[PDB]
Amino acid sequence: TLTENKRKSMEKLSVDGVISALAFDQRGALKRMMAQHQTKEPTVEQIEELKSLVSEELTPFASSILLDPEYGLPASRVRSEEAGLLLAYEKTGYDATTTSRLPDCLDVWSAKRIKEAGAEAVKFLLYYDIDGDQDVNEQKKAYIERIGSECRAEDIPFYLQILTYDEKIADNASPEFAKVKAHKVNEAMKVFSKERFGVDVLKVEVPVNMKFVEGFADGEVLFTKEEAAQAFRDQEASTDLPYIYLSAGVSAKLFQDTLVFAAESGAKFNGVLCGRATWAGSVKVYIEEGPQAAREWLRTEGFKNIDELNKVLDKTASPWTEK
């Protein structure tokens, strides 16, 4: 169920019950991309400006935009008046020396402060290995309970992003991980759909690596179209919450093709929180050719990208209202 304010907030993040959200809370990742044509270390001014350019030019075509409080608050204030705002709550990345990947909130932030900054949702990223250390997962579950409680008190939607992994499989893109991905994703969704975690929307991976599915694979084939289709249906059955897809390790085209396949298979996903593929190109242009060039790229190539995505969403997504 949703409280009146949470419902209203959800409405501000979507169009006709579909979430077509632009993800741009990248921090370290964006800086690194920038580093790729580096006269110097990329500045705070540069990072914040590029987020503002993307926000200004592309949010007229997105139902909402996800930003980080570190670099993204200026960008958040210049978003289209028709677009809602989500703010990221987690610290980026994880310790590569250990396998625990424990969650940690931004040090001077709280759900209250996120709401005060104008957000209509709190977004939090959790790494979860359902088969991992039981004590680690207990600590993780407790952490999410806390955040869910915060969001209930502040009456602001809780968007929980889950990225799955295996403590013992180094590469998420490996065939080894592909074989267990459906299990990692769908079981994690079952866990955090439980009422006690206070989640309003799940941001999740597609439950299969399409690069190993028949018809989509350029190399080894691990799954038939039917087995992949069943994974999407299993995922649909793993939660009664609204859920939306993230894009990871795939091109814009493959992602869009996957949304088509997802819908064809019977998945009732309620939209996406996608970004990188849409605005990636603007980054090279911005560093090299300046902000005015980047603005033009976003107005042209940028619009093309997000518009193609929206037209795919129009024929594949299902409304969260239709619960």
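One-based numbering along the sequence shown.
Undergrad: Test of understanding: from the entry's C-alpha B-factors, which stretch has the higher mean, 152 to 160 or 70 to 78?
TA: Comparing 152 to 160 with 70 to 78, the higher average CA B-factor belongs to 70 to 78.
Undergrad: When the Cα temperature factors in the entry are averaged, is it 11 to 19 or 299 to 307 that ends up higher?
TA: According to the entry, 299 to 307 carries the higher average C-alpha B-factor.
Undergrad: Taking the values straight from the PDB record, which of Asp200, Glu145, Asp104, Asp171 has the highest C-alpha temperature factor?
TA: Highest CA B-factor of the listed options: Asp171.
Undergrad: Taking the Cα B-factors listed in the entry, which of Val136, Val122, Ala248, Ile244 comes out highest?
TA: Highest C-alpha B-factor among the listed residues goes to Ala248.
Undergrad: Sort the modelled residues of this chain by their C-alpha B factor and say whether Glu220 lands in the lowest, middle or highest third.
TA: It belongs to the highest third of the chain when residues are ordered by C-alpha B-factor.
Undergrad: Can you tell me which third, lowest, middle or highest, the CA B-factor of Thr97 falls into for its chain?
TA: Tercile = highest for this residue's CA B-factor.
Undergrad: Taking the entry's C-alpha B-factors for this chain, is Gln230 in the lowest, middle or highest third?
TA: As the PDB entry reports it, the C-alpha B-factor of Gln230 lands in the highest third of its chain.
Undergrad: Quick check for you: using the entry's CA B-factors within this chain, is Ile65 in the lowest, middle or highest third?
TA: Answer is lowest: the recorded C-alpha B-factor places it there.
Undergrad: Split into thirds by Cα B-factor across the chain's modelled residues, where does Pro175 land: lowest, middle or highest?
TA: For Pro175, the deposited C-alpha B-factor lands in the highest third.
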